[PDB]
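One chain comes next, on its own, written out as C-alpha cells in the form deposited in one PDB entry.
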C-alpha cells in the first residue's frame, strides 16, 4: 500500500505539492506531481490522512441520548493494489528440489 519512494527518485515538497521521478511498469522514468492538500489535514497539531465526507459513506445518522451523533459508517473502500514479495526469503534449492526453510 503506497510504497512510492521505493520506485521513485528526486523527490521534493513545494508548499503542498510533492514532485518525484517514478519508474514505469515496463522501463523508463516519468516525472509527476500530486497536491497533498486534499488528502492530508491538521488534526490537533498532528498531520494525518483525512477521512471521508460522512454523509456519503455512512447510513442511518441519528441522535442518541442528548448529545451523541450515531451512524453505521463504512471502512476504507476495497480496491486492487500492486504488491511484491521476495521468494528468496524462504524458498531454497535443496539438491535440485525446491522447498521452504
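Numbering follows the first chain given and starts at 1.
The discussion below concerns the form deposited in another entry, not included here.
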Notebook entry, point to check: Once every C-alpha goes to the better-fitting superposition between this form and the one not shown, are residue 53 and residue 12 in the same rigid part?
Noted result: yes
Next item on the list: Just say closer or farther for the C-alpha distance from residue 86 to residue 10 in the other form, relative to the shown form; it changes by 3 Å or more.
Entry: farther
Margin query: Taking the cut-off of 3 Å or more as given, in which direction does the distance between the C-alpha atoms of residue 33 and residue 81 change in the other form, closer or farther?
Written below: farther
